[PDB]
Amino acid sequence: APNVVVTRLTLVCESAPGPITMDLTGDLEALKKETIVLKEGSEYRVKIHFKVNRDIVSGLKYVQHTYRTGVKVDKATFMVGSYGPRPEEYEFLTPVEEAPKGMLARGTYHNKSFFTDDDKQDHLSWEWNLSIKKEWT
């Protein structure tokens, strides 16, 4: 096992009808197929579940790249910090954002996330898709 193990991504949205999450321990190619649904205008946060196993890690960063076909990447970096080893997993949450609204805002966005640190270590790099819809269905 590695020192840092990213286990789960969750979109914390209080107005959502059900859970919006994805297991990050399985196959990484199957993650692209899975599409995450977010109603337009919804307030949300990105939650990263991860474990520290042996030693204190420092300088953790969450890096998120959002792609729409034919558009320049929308980048965002979040400082995660230092964490010590323990059996229970940790939870890092981004600040609240508001998903865009309107027909021009609806559609599927292609995300590539990076859980890394100051040492540019690849704790986990994965792809996932987010669909902005007029309603939750």
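Under this definition, the rigid core comprises the largest set of C-alpha atoms superposing within 1.5 Å between the forms. In this text, residue numbers run from 1 along the sequence as written.
Two stretches, 94-102 and 65-73, are weighed by how far their CA atoms sit from the shown form in 5 other deposited structures of this protein after rigid core superposition; the farther one is 65-73. A summary of the deposited B-factors shows that, of 17-25 and 123-131, the stretch with the larger mean C-alpha value is 17-25. For the pair 34-42 and 105-113, the mean Cα B-factor is higher in 34-42. Per the deposited record, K72 carries the highest C-alpha B-factor of all listed residues (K51, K72, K61, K47). The PDB entry assigns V4 a C-alpha temperature factor belonging to the middle third of its chain's modelled residues. Annotation for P95: CA B-factor lies in the lowest third of the chain's modelled residues.
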